[PDB]
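> So that we are looking at the same thing, I have put the structure below in structure tokens.
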Amino acid sequence: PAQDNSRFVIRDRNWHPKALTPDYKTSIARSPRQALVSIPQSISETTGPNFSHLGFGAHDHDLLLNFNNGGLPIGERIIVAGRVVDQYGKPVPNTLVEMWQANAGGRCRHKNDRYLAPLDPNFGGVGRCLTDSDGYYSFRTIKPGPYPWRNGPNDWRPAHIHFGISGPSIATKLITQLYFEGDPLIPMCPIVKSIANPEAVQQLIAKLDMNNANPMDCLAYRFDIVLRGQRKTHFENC
Amino acid sequence: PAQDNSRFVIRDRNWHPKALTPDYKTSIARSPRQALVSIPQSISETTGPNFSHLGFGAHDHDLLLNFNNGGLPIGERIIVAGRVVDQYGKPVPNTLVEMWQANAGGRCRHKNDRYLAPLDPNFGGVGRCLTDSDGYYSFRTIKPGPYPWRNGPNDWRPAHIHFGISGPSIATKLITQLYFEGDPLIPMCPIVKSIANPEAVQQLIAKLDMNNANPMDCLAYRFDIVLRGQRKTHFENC
Amino acid sequence: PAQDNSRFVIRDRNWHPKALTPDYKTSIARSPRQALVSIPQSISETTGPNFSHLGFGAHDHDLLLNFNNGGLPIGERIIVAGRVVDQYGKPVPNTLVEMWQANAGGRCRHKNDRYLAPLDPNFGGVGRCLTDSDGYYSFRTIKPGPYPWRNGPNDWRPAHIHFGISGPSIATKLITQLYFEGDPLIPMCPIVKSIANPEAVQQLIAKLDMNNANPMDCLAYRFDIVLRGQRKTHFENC
Amino acid sequence: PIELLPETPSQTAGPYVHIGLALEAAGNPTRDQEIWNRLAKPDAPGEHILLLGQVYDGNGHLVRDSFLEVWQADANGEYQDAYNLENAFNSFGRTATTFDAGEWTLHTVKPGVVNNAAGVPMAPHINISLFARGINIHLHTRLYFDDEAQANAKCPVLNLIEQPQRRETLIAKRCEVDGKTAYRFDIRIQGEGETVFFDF
Amino acid sequence: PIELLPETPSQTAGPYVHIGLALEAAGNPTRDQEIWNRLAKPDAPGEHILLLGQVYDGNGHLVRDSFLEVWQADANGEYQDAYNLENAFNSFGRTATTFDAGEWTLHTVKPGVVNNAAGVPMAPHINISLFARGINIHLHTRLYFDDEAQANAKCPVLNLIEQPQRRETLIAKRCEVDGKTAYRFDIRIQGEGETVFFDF
Amino acid sequence: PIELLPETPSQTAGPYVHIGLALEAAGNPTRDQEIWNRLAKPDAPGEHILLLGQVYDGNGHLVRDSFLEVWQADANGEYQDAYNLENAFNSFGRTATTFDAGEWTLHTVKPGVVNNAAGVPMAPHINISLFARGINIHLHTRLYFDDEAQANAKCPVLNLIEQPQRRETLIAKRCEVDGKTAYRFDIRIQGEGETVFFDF
Amino acid sequence: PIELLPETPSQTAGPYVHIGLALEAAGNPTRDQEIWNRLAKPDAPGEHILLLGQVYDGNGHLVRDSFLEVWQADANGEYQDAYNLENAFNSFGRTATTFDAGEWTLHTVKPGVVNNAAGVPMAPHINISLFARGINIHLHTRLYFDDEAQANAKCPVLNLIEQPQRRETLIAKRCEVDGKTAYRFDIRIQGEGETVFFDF
Ligand SMILES: [Fe+3]
Ligand SMILES: [Fe+3]
Ligand SMILES: [Fe+3]
Ligand SMILES: [Fe+3]
């Protein structure tokens with residue numbers, strides 16, 4: 001079983017987006033009015049699931065082949081790779097990185113998405129990968145296209161891939177979004193602007209990686225994820 | 001018939017790309033070693049075709065419908081609009097604007113293109129439009145994806161749409177390329193870098209136009225084209 | 001009848017003042033807690049009243065003469081003129097511009113105004129004008145004086161003239177306030193501070209216009225108004 | 001991106017909005033031609049109705065200084081843009097709530113059906129714009145009728161409001177004031193039963 | 001002061017969270033192994049319970065697109081981190097509320113007692129993380145049980161909540177669903193009876 | 001000095017120029033009306049000629065992806081700017097060299113005489129603009145004829161070329177293709193016998 | 001974009017390249033173990049060949065100061081990376097052209113077939129790297145054989161060279177020097193008959 005031997009660096013809730021961000025409309029009715037109750041870390045908070053024993057299919061990380069009904073998806077073939085480290089710069093091995101996205105046109109494979117851009121019969125948009133010993137993950141997919149949404153009258157989400165990172169604990173567990181370098185829609189999105197600090201928005205921008213690109217085949221993007229720093233317990237209860 | 005009543009501003013061949021640009025490999029064997037012979041402008045150079053009487057089909061400007069085999073193309077639905085003016089800022093009416101591009105994956109509909117990204121059965125990539133009285137044109141298409149090419153070992157063309165502009169004369173006739181705002185591949189392309197002046201590269205960057213976008217439908221890009229200034233003849237042959 | 005041929009550029013609600021601005025005390029109880037519901041533009045939103053056939057009195061725009069009980073108002077005689085354009089810089093012709101203000105001492109002609117500065121027996125404070133072919137409007141009035149109000153214990157409104165502009169649609173309809181160049185009360189007022197962006201406040205400041213002033217008579221202030229950009233519909237419902 | 005000229009920013013209409021836009025409601029003398037609450041002359045086509053309502057703040061207290069502007073189609077579902085006081089029907093009108101009358105009134109006909117951009121029929125509605133002290137930028141809303149339930153259930157605009165309970169705030173309750181067909185439409189700016197406001 | 005590398009900022013899970021994290025609930029085809037609501041297999045030790053609840057927003061309306069992640073100890077009060085579908089019990093599980101099912105379900109056993117860092121026993125609880133559109137950074141909460149009144153009064157985490165009326169929002173009510181032992185835990189994100197959320 | 005707005009920079013036509021400007025040559029389906037190599041219809045006035053040529057690069061190798069645009073006067077020496085496919089003659093036309101046909105063809109009439117700006121008669125010529133991959137900005141040239149020796153010696157544009165050996169590169173040789181009058185005009189972009197290119 | 005550490009820039013090998021890399025070719029004393037032109041010992045498997053050639057500049061004059069490095073697979077199509085002078089065959093070797101010997105020599109076996117990344121068989125080749133004064137960054141080339149015409153026509157690398165005439169510059173002509181199988185491979189750095197150089 002799991003033990004209480006780790007302490008996690010307290011989250012900077014001024015770096016992270018606030019609960020109440022008015023421009024992002026749905027946050028108004030879905031944000032607590034009462035203050036969060038601070039509790040010390042215990043075994044309930046400092047431990048979490050390990051997904052090393054989960055049965056991963058061969059194409060779970062490859063979105064170009066994991067839906068396959070008879071062909072290849074239409075769109076810009078890209079590799080989305082990066083490293084998962086903690087605040088101390090320590091790699092996070094054997095961690096679950098889950099991702100989901102829209103197709104080249106910005107259409108998501110869900111019943112609630114009635115956007116006029118057609119579905120790609122060869123694209124699912126779901127991906128999962130367990131990080132290696134050095135904390136590296138890699139996905140092969142197509143660059144998702146931007147999509148409109150009912151927030152403001154002309155609000156468009158920048159091209160993005162949603163990310164879900166488990167980490168060593170439920171305390172480190174994080175769901176975020178990846179944006180693409182140079183996309184002019186980034187400073188205009190209310191979901192991006194929910195983050196007050198501009199330096200924090202930069203941590204979400206995946207950068208073009210020509211070094212990791214496959215010549216005459218696919219481009220690449222680097223997205224490094226930083227999770228809460230893990231430290232050993234010291235001087236607790238004397 | 002056409003008459004000799006106009007003079008065109010002499011082309012700044014230091015603004016325009018040079019014939020010999022080594023990094024763009026094919027230019028080495030396809031560039032003149034001898035100097036261009038300067039000739040005065042005459043009726044042969046100052047006149048050109050007028051395409052007002054050409055039979056344009058209803059969807060010639062709409063690349064989302066001009067190929068139609070049973071559906072819509074997969075990709076980011078966009079409007080590429082702009083104005084065609086001359087160096088004096090005077091609009092260029094009833095001029096032919098022709099364009100061609102790749103699909104969302106960077107695949108062109110030609111036999112010589114053996115790129116692994118699939119063809120879109122609902123996308124042709126050919127478009128034409130005659131400018132209005134104010135010099136405005138508009139195309140509805142999908143955002144083309146970048147594509148690799150055999151130049152350097154890892155050379156990738158930025159997402160682009162090729163443009164062909166007729167103008168009032170064969171002297172104004174121009175073929176160029178449109179690039180998209182923020183695309184990180186622009187400062188890396190040898191075809192873009194064939195233009196020495198960085199301020200000239202900026203004239204080729206189509207900018208995001210949220211004002212011309214159709215809410216819940218398609219985005220828009222503005223690309224203004226500037227042709228050689230047209231002036232009346234004065235004090236010729238005394 | 002009116003037709004659905006125009007589309008209007010979406011309002012920047014971060015440029016405009018927010019609903020909840022606590023320093024302006026009355027806004028606390030009169031601001032919606034729920035988010036605004038975004039709806040697309042239809043004939044109900046893109047059309048609006050045309051006041052070209054409304055019967056304007058000869059002195060409707062002239063506040064020095066439209067109250068007249070036997071004399072001229074006490075105060076700094078000024079001309080308030082300008083142009084009403086849209087975001088594209090296109091003039092807005094035949095539009096209704098309405099205005100109201102206080103006298104030279106800050107006293108408004110209303111029953112609830114029990115400010116100890118007297119009323120001017122020759123001043124009402126109401127005006128209306130229809131813009132010409134080129135979008136120009138003009139008013140003749142006296143410069144209003146600042147007035148105190150029960151917000152903070154020592155709160156003073158700067159010298160202002162309220163403006164009401166209709167535009168081509170109910171989408172463009174706007175009510176605003178004009179302030180005067182150099183007034184030291186402008187950066188101290190909670191109603192002016194309701195606007196977050198200081199460059200937005202600058203558009204509300206009327207600039208002294210010595211060129212439009214009548215020598216030995218009255219001064220002039222120029223106040224240009226910019227309404228939402230109007231564009232024709234394109235590529236709707238394919 | 002393309003930056004256009006910025007729109008002139010909005011400011012509150014102020015506590016004295018009535019002196020410049022609702023001269024009679026204030027108590028000040030009127031001009032020859034005023035834009036007021038009589039949209040339809042007694043001889044206008046369609047079902048003649050009286051609209052009334054009160055505006056409430058977040059504390060449940062009456063707003064006795066509000067100014068409202070309305071825009072609606074005629075009985076045939078056509079928008080009459082050319083405002084003239086000689087017309088039987090005008091699509092535009094103005095009303096207000098004062099300290100002497102905490103209830104606004106509007107004399108008009110029931111609007112006909114109009115299609116949206118997509119060609120889908122919208123339910124009979126009146127477009128409202130609310131201005132008052134404390135309201136920095138005006139509030140847009142729509143007035144729907146309770147006796148048009150079948151059309152209300154199929155309206156594209158009303159169906160854009162996620163929650164069914166919030167759609168009811170835009171529906172005016174039918175009553176009778178001295179043998180005349182009347183609809184009551186109370187606007188609650190903030191709090192319990194808050195009226196749906198639009199952006200376009 | 002000493003500054004470490006900044007943590008990657010959180011963003012909302014979005015409306016379509018289910019296509020990537022709850023495939024069956026999204027009506028999309030599943031992969032061989034999925035992480036879902038069946039924490040305990042029928043032959044697992046402890047009192048087998050069914051957990052259900054609804055998520056309410058600030059207007060008292062149902063959140064039909066929420067995604068919940070649970071972390072709990074087994075019947076013996078031990079955390080099983082090694083996730084495998086062949087196991088009789090898994091301490092982790094995911095559940096969701098959909099448009100087809102506005103109520104979330106969880107099949108598990110009642111957790112045993114675990115001590116805090118100071119050695120003081122905490123009452124039987126389930127750690128819940130709530131994700132959805134509109135929630136920028138996930139909300140952490142705990143599910144306590146009503147039949148553990150003696151243990152709940154002594155819990156060091158529950159006693160950190162200043163007001164005793166707010167502690168009640170974390171207590172699941174015992175009920176019965178189809179002749180099986182069940183507990184109802186409704187979460188109110190905002191307003192009247194707002195659920196206590198934690199920071200750690 | 002006075003600076004005007006800068007002209008939009010040129011870029012190469014690229015390898016796939018044909019899909020947008022020579023649809024039939026690209027093996028792609030054509031539209032109703034296309035701009036192609038048939039300048040003159042069989043019943044057009046003047047001496048009907050067939051023009052053919054090959055484009056060579058600096059290594060003496062064929063350019064099988066070139067795109068050429070021609071501008072010429074009619075038999076009467078007048079420029080017909082009004083392009084229409086119903087016309088007997090069109091002064092404009094497009095031709096190309098493909099991988100399937102490394103030679104370009106043009107069906108037209110021999111142009112008449114036109115004067116320069118100074119009133120001096122220029123010899124019968126065809127204005128050619130050459131586009132292809134590797135050509136950053138198009139090359140302008142002129143096609144003169146060998147049986148017009150007297151007119152070619154007097155031409156003011158041809159006499160602006162300093163060396164008489166370079167003037168020969170602009171002179172098309174008279175030949176016969178299938179019992180029809182033809183002229184061969186080969187273009188050498190670089191090297192030995194390099195074609196004279198113009199700037200105007 | 002992601003900027004990695006930049007590679008150390010290249011500089012010419014200089015006129016005295018032989019003193020540090022071709023000690024015997026210079027005329028300076030050698031060390032115990034040198035990397036030279038004897039890739040295959042007389043007892044190595046496969047068809048034993050002698051390779052010779054001259055390096056020419058752009059004026060058609062001999063380069064009497066060049067340095068060449070070679071890399072090839074053995075007769076079985078395997079690359080032997082572990083360089084040792086005790087091995088029968090070494091995949092790596094060095095040769096040069098001096099003022100005393102304007103012709104470089106190489107004693108090796110004919111390389112076997114190797115597959116590219118895609119699994120397609122490449123024709124028998126020797127990878128060459130040319131260094132000399134005036135050559136700022138080394139020139140990469142390949143040596144193919146004329147008696148392997150069927151394999152040369154199906155090689156993916158040789159077929160990447162657009163023009164067929166340029167493919168012939170990479171093909172070594174078979175001859176006989178004292179009963180030994182010999183292939184002549186002249187490298188023309190610039191001008192007429194210029195050798196194809198690669199980038200990878
Ligand atoms: Fe005021
Ligand atoms: Fe999304
Ligand atoms: Fe291209
Ligand atoms: Fe040296």
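Identifiers for the structure tokens are assigned positionally: chains receive A, B, ... in sequence, residues are indexed from 1 per chain, and ligands are indexed from 1 in the order shown.
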Chain C near chain A within 7 Å: what's each residue's closest atom pair and its distance in Å to one decimal, counting only C-alpha atoms, ordered by chain then ascending residue number, as JSON lines?


{"residue": "C:10", "atom": "CA", "partner": "A:153", "partner_atom": "CA", "distance": 6.7}
{"residue": "C:34", "atom": "CA", "partner": "A:28", "partner_atom": "CA", "distance": 7.0}
{"residue": "C:35", "atom": "CA", "partner": "A:25", "partner_atom": "CA", "distance": 5.7}
{"residue": "C:38", "atom": "CA", "partner": "A:153", "partner_atom": "CA", "distance": 5.2}
{"residue": "C:39", "atom": "CA", "partner": "A:153", "partner_atom": "CA", "distance": 6.6}
{"residue": "C:40", "atom": "CA", "partner": "A:153", "partner_atom": "CA", "distance": 6.7}

> Residues at most 12 Å from ligand 4, using only C-alpha atoms and all ligand atoms? Could they come as a PyMOL selection string?

chain G and resi 11-20+132-133

> So that I can check the surroundings of residue D:28, please list as a tab-separated table (two decimals) with C-alpha atoms, in the first residue's frame every protein, DNA and RNA residue that reaches within 12 Å of it, counting only C-alpha atoms and ignoring chain neighbours fewer than 2 positions away.


chain	number	residue	atom	x	y	z
C	67	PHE	CA	-35.44	77.73	-23.76
C	108	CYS	CA	-29.71	70.43	-13.72
C	109	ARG	CA	-33.30	71.31	-14.59
C	110	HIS	CA	-34.99	68.46	-12.70
C	111	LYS	CA	-37.11	68.29	-9.51
C	123	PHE	CA	-31.21	77.59	-19.79
C	124	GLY	CA	-32.93	74.23	-20.11
C	125	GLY	CA	-30.04	71.98	-21.04
C	126	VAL	CA	-31.62	69.83	-23.79
D	16	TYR	CA	-31.34	63.02	-14.89
D	18	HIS	CA	-35.41	62.06	-18.29
D	19	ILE	CA	-34.61	65.75	-18.96
D	20	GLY	CA	-33.04	64.90	-22.31
D	21	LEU	CA	-34.88	61.78	-23.45
D	22	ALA	CA	-38.21	61.70	-21.57
D	23	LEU	CA	-39.16	65.39	-21.24
D	24	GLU	CA	-42.81	64.80	-20.20
D	25	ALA	CA	-41.86	62.03	-17.73
D	26	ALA	CA	-39.47	64.53	-16.13
D	30	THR	CA	-41.79	69.26	-24.49
D	31	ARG	CA	-40.86	70.14	-28.08

> Could you please extract the residues within 7 Å of ligand 3, counting only C-alpha atoms and all ligand atoms, and hand them back as a list in words?

residues 101, 102, 160, 161 and 162 of chain B; 14 and 16 of chain F

> Using only C-alpha atoms, find the residues of chain E whose closest atom to chain A is at most 7 Å away, then write them as a PDB file with N, CA and C atoms, in the first residue's frame.


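Ended up saving to part.pdb:
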ATOM      1  N   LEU E   4      10.959  28.543  -7.149  1.00  0.00           N
ATOM      2  CA  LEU E   4      11.121  27.285  -7.874  1.00  0.00           C
ATOM      3  C   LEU E   4      10.514  27.465  -9.265  1.00  0.00           C
ATOM      4  N   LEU E   5      10.527  26.412 -10.084  1.00  0.00           N
ATOM      5  CA  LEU E   5       9.905  26.477 -11.409  1.00  0.00           C
ATOM      6  C   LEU E   5       8.397  26.594 -11.173  1.00  0.00           C
ATOM      7  N   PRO E   6       7.717  27.470 -11.926  1.00  0.00           N
ATOM      8  CA  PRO E   6       6.276  27.605 -11.719  1.00  0.00           C
ATOM      9  C   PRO E   6       5.484  26.408 -12.231  1.00  0.00           C
ATOM     10  N   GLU E   7       4.435  26.041 -11.501  1.00  0.00           N
ATOM     11  CA  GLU E   7       3.570  24.932 -11.889  1.00  0.00           C
ATOM     12  C   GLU E   7       2.795  25.343 -13.151  1.00  0.00           C
ATOM     13  N   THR E   8       2.566  24.378 -14.043  1.00  0.00           N
ATOM     14  CA  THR E   8       1.805  24.601 -15.271  1.00  0.00           C
ATOM     15  C   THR E   8       0.403  25.038 -14.818  1.00  0.00           C
ATOM     16  N   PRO E   9      -0.085  26.190 -15.328  1.00  0.00           N
ATOM     17  CA  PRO E   9      -1.411  26.681 -14.946  1.00  0.00           C
ATOM     18  C   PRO E   9      -2.537  25.754 -15.353  1.00  0.00           C
ATOM     19  N   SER E  10      -3.576  25.725 -14.525  1.00  0.00           N
ATOM     20  CA  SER E  10      -4.751  24.930 -14.805  1.00  0.00           C
ATOM     21  C   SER E  10      -5.635  25.670 -15.799  1.00  0.00           C
ATOM     22  N   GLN E  11      -6.468  24.900 -16.481  1.00  0.00           N
ATOM     23  CA  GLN E  11      -7.452  25.414 -17.415  1.00  0.00           C
ATOM     24  C   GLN E  11      -8.634  24.498 -17.188  1.00  0.00           C
ATOM     25  N   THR E  12      -9.812  24.970 -17.573  1.00  0.00           N
ATOM     26  CA  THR E  12     -11.033  24.195 -17.440  1.00  0.00           C
ATOM     27  C   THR E  12     -10.951  22.901 -18.243  1.00  0.00           C
ATOM     28  N   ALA E  13     -11.683  21.886 -17.783  1.00  0.00           N
ATOM     29  CA  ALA E  13     -11.738  20.579 -18.435  1.00  0.00           C
ATOM     30  C   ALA E  13     -12.537  20.679 -19.732  1.00  0.00           C
ATOM     31  N   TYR E  16     -16.448  19.115 -23.430  1.00  0.00           N
ATOM     32  CA  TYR E  16     -16.224  17.814 -24.044  1.00  0.00           C
ATOM     33  C   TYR E  16     -15.224  16.919 -23.325  1.00  0.00           C
ATOM     34  N   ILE E  19     -15.108  12.895 -23.869  1.00  0.00           N
ATOM     35  CA  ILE E  19     -14.525  12.148 -25.001  1.00  0.00           C
ATOM     36  C   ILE E  19     -13.121  11.609 -24.715  1.00  0.00           C
ATOM     37  N   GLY E  20     -12.414  12.277 -23.806  1.00  0.00           N
ATOM     38  CA  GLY E  20     -11.078  11.857 -23.444  1.00  0.00           C
ATOM     39  C   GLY E  20     -10.969  11.171 -22.103  1.00  0.00           C
ATOM     40  N   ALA E  26     -19.679   9.288 -22.950  1.00  0.00           N
ATOM     41  CA  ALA E  26     -19.710  10.167 -24.122  1.00  0.00           C
ATOM     42  C   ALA E  26     -20.321   9.478 -25.342  1.00  0.00           C
ATOM     43  N   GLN E  33      -9.083  -1.298 -21.845  1.00  0.00           N
ATOM     44  CA  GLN E  33      -9.078  -0.964 -20.422  1.00  0.00           C
ATOM     45  C   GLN E  33      -9.390   0.515 -20.193  1.00  0.00           C
ATOM     46  N   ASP E  57     -25.208  24.040  -9.446  1.00  0.00           N
ATOM     47  CA  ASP E  57     -24.471  25.289  -9.607  1.00  0.00           C
ATOM     48  C   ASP E  57     -25.082  26.351  -8.681  1.00  0.00           C
ATOM     49  N   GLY E  58     -24.687  27.609  -8.862  1.00  0.00           N
ATOM     50  CA  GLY E  58     -25.184  28.699  -8.033  1.00  0.00           C
ATOM     51  C   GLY E  58     -26.623  29.143  -8.172  1.00  0.00           C
ATOM     52  N   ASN E  59     -27.300  28.641  -9.200  1.00  0.00           N
ATOM     53  CA  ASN E  59     -28.699  28.964  -9.453  1.00  0.00           C
ATOM     54  C   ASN E  59     -29.588  27.780  -9.053  1.00  0.00           C
ATOM     55  N   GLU E  78      -6.478   1.285   4.039  1.00  0.00           N
ATOM     56  CA  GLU E  78      -5.223   1.341   3.293  1.00  0.00           C
ATOM     57  C   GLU E  78      -5.489   1.812   1.872  1.00  0.00           C
ATOM     58  N   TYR E  79      -4.599   2.661   1.367  1.00  0.00           N
ATOM     59  CA  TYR E  79      -4.712   3.201   0.015  1.00  0.00           C
ATOM     60  C   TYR E  79      -4.027   2.312  -1.020  1.00  0.00           C
ATOM     61  N   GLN E  80      -4.813   1.813  -1.972  1.00  0.00           N
ATOM     62  CA  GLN E  80      -4.294   0.948  -3.031  1.00  0.00           C
ATOM     63  C   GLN E  80      -3.971   1.765  -4.278  1.00  0.00           C
ATOM     64  N   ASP E  81      -2.709   2.178  -4.377  1.00  0.00           N
ATOM     65  CA  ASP E  81      -2.225   2.987  -5.494  1.00  0.00           C
ATOM     66  C   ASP E  81      -2.012   2.257  -6.816  1.00  0.00           C
ATOM     67  N   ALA E  82      -1.691   0.968  -6.732  1.00  0.00           N
ATOM     68  CA  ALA E  82      -1.447   0.139  -7.911  1.00  0.00           C
ATOM     69  C   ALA E  82      -2.739  -0.193  -8.665  1.00  0.00           C
ATOM     70  N   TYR E  83      -3.129   0.710  -9.570  1.00  0.00           N
ATOM     71  CA  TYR E  83      -4.339   0.556 -10.377  1.00  0.00           C
ATOM     72  C   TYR E  83      -4.207  -0.552 -11.417  1.00  0.00           C
ATOM     73  N   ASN E  84      -5.135  -1.502 -11.340  1.00  0.00           N
ATOM     74  CA  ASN E  84      -5.211  -2.651 -12.241  1.00  0.00           C
ATOM     75  C   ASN E  84      -6.672  -3.106 -12.198  1.00  0.00           C
ATOM     76  N   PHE E  92      -8.892   4.232  -6.695  1.00  0.00           N
ATOM     77  CA  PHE E  92      -9.218   5.292  -7.631  1.00  0.00           C
ATOM     78  C   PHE E  92     -10.392   4.908  -8.515  1.00  0.00           C
ATOM     79  N   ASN E 116      -4.080  11.097  10.311  1.00  0.00           N
ATOM     80  CA  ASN E 116      -3.495  12.272   9.661  1.00  0.00           C
ATOM     81  C   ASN E 116      -1.971  12.237   9.894  1.00  0.00           C
ATOM     82  N   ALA E 117      -1.272  13.337   9.613  1.00  0.00           N
ATOM     83  CA  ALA E 117       0.181  13.398   9.800  1.00  0.00           C
ATOM     84  C   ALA E 117       0.572  13.351  11.281  1.00  0.00           C
ATOM     85  N   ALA E 118      -0.306  13.888  12.134  1.00  0.00           N
ATOM     86  CA  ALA E 118      -0.103  13.929  13.585  1.00  0.00           C
ATOM     87  C   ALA E 118      -0.558  12.666  14.345  1.00  0.00           C
ATOM     88  N   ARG E 133     -16.795  22.343 -17.181  1.00  0.00           N
ATOM     89  CA  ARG E 133     -16.673  23.624 -17.872  1.00  0.00           C
ATOM     90  C   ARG E 133     -17.076  24.673 -16.828  1.00  0.00           C
ATOM     91  N   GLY E 134     -16.373  25.799 -16.811  1.00  0.00           N
ATOM     92  CA  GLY E 134     -16.672  26.833 -15.836  1.00  0.00           C
ATOM     93  C   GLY E 134     -15.841  26.715 -14.581  1.00  0.00           C
ATOM     94  N   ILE E 135     -15.220  25.560 -14.395  1.00  0.00           N
ATOM     95  CA  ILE E 135     -14.360  25.342 -13.250  1.00  0.00           C
ATOM     96  C   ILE E 135     -12.944  25.400 -13.814  1.00  0.00           C
ATOM     97  N   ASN E 136     -12.285  26.530 -13.567  1.00  0.00           N
ATOM     98  CA  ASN E 136     -10.927  26.813 -14.041  1.00  0.00           C
ATOM     99  C   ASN E 136      -9.856  25.925 -13.432  1.00  0.00           C
ATOM    100  N   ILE E 137      -9.984  25.697 -12.130  1.00  0.00           N
ATOM    101  CA  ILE E 137      -9.097  24.809 -11.391  1.00  0.00           C
ATOM    102  C   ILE E 137     -10.043  23.936 -10.572  1.00  0.00           C
ATOM    103  N   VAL E 157      -9.830  17.043  10.459  1.00  0.00           N
ATOM    104  CA  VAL E 157     -10.035  17.787   9.210  1.00  0.00           C
ATOM    105  C   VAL E 157     -11.411  18.446   9.237  1.00  0.00           C
ATOM    106  N   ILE E 161     -13.068  23.223  10.043  1.00  0.00           N
ATOM    107  CA  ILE E 161     -14.128  24.022   9.454  1.00  0.00           C
ATOM    108  C   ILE E 161     -14.742  24.695  10.685  1.00  0.00           C
ATOM    109  N   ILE E 189     -21.975  23.762  -5.623  1.00  0.00           N
ATOM    110  CA  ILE E 189     -20.779  24.552  -5.939  1.00  0.00           C
ATOM    111  C   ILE E 189     -20.831  25.985  -5.441  1.00  0.00           C
ATOM    112  N   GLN E 190     -22.021  26.577  -5.464  1.00  0.00           N
ATOM    113  CA  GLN E 190     -22.183  27.965  -5.063  1.00  0.00           C
ATOM    114  C   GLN E 190     -23.535  28.255  -4.429  1.00  0.00           C
ATOM    115  N   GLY E 191     -23.516  29.120  -3.411  1.00  0.00           N
ATOM    116  CA  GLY E 191     -24.734  29.547  -2.748  1.00  0.00           C
ATOM    117  C   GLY E 191     -25.150  28.934  -1.430  1.00  0.00           C
ATOM    118  N   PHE E 197     -15.062  23.260   0.222  1.00  0.00           N
ATOM    119  CA  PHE E 197     -13.999  22.865  -0.678  1.00  0.00           C
ATOM    120  C   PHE E 197     -12.681  23.127   0.010  1.00  0.00           C
ATOM    121  N   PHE E 198     -11.718  22.255  -0.257  1.00  0.00           N
ATOM    122  CA  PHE E 198     -10.414  22.331   0.364  1.00  0.00           C
ATOM    123  C   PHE E 198      -9.269  22.803  -0.504  1.00  0.00           C
ATOM    124  N   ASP E 199      -8.198  23.192   0.183  1.00  0.00           N
ATOM    125  CA  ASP E 199      -6.952  23.616  -0.425  1.00  0.00           C
ATOM    126  C   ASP E 199      -5.871  22.903   0.373  1.00  0.00           C
ATOM    127  N   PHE E 200      -4.966  22.256  -0.354  1.00  0.00           N
ATOM    128  CA  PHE E 200      -3.849  21.527   0.232  1.00  0.00           C
ATOM    129  C   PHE E 200      -2.665  21.458  -0.710  1.00  0.00           C
TER     130      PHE E 200
END

> Select, from D:182, D:39, D:177, D:163, the residue with the minimum atom-to-atom distance to chain E, counting only C-alpha atoms.

D:163

> At what distance in Å, to one decimal, does atom CA of residue D:40 lie from atom CA of residue D:107?

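Separation between atom CA of residue D:107 and atom CA of residue D:40: 6.5 Å.
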
> For chain D, list the residues within 12 Å of chain E, counting only C-alpha atoms, and write the list as a ChimeraX atom specification.

/D:162-166,191-194

> Name all residues at most 10 Å from residue E:44 (count only C-alpha atoms; drop same-chain ones fewer than 3 positions away) and give them as a PyMOL selection string.

chain E and resi 39-41+47-48+74-75+87-90+108-109

> Which residues in stretch 17-196 of chain C does DSSP call strand (DSSP E)? List them as a PyMOL selection string.

chain C and resi 37-38+77-86+96-101+126-130+136-142+147-148+156-157+160-165+174-180

> One decimal, Å: what's the distance from atom CA of residue G:110 over to atom CA of residue G:37, could you say?

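We find that atom CA of residue G:110 and atom CA of residue G:37 lie 14.4 Å from each other.
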